[PDB]
């Protein structure tokens, strides 16, 4: 009952958002009592993407564990252990499985069609520090040989480059403009440890605070 469990959790969170509408901390104070490692929540209305985002000391802490520390293939949607929330870095990466059952990050594949992108331009993302909009501006298929997983850059020229390639590789086109002064969030599919599947799907969005 992994699905039902997520449903249960999603339902609790909806109540929390309604309850503490004009707030931001209380919802995650609540979530923390579940697992202090839940640093946020990601949601795209109309899609299966509606789960908590955890973060452990490493990038494998939650690859195969769900929000309540239960052993699961599909694990959790998790934030790169290197990223900071209070003071968000240039690019913040969270990962999730793509097993082909419309769960976790199966939705990322959909952002590869221009039409899906037009009707799902913004993804919701919240945490103890505020509410945010993730305005997608790039979605492409790649591999583990290309690191779109870079956290910070030596300088704007360096970050400009990264942003440039990010758009060049995009399979979709978007009116959203991103500059070296904007913050970014990349969403990436992931594979179990020691998996020889090196192919990945990445979606990059401009982080905008609306809280």
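Residue numbers count along the first chain shown, from 1.
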Higher-scoring stretch by recorded Cα B factor average, 193-201 or 10-18 = 193-201
query = As stated in the PDB record, which stretch has the larger average Cα B-factor, 118-126 or 137-145?
reply = 137-145
inquiry  = Checking the record values for 55, 30, 179, 48, which has the greatest CA B factor?
reply    = 179
remark   = For 186, 35, 64, 155, the deposited C-alpha B-factor is largest at 155
inquiry  = When the deposited Cα B-factors of this chain's modelled residues are ordered and cut into thirds, is residue 92 in the lowest, the middle or the highest one?
reply    = middle
note = residue 42: CA B-factor among chain residues, third -> lowest
query = Looking at the C-alpha B-factor of residue 4, is it in the lowest, middle or highest third of its chain?
reply = highest
task = Ordered by C-alpha B-factor within the chain, which third holds residue 77? Give me lowest, middle or highest, please.
result = lowest
request  = Can you work out whether the C-alpha temperature factor of residue 85 puts it in the lowest, middle or highest third of the chain?
outcome  = highest
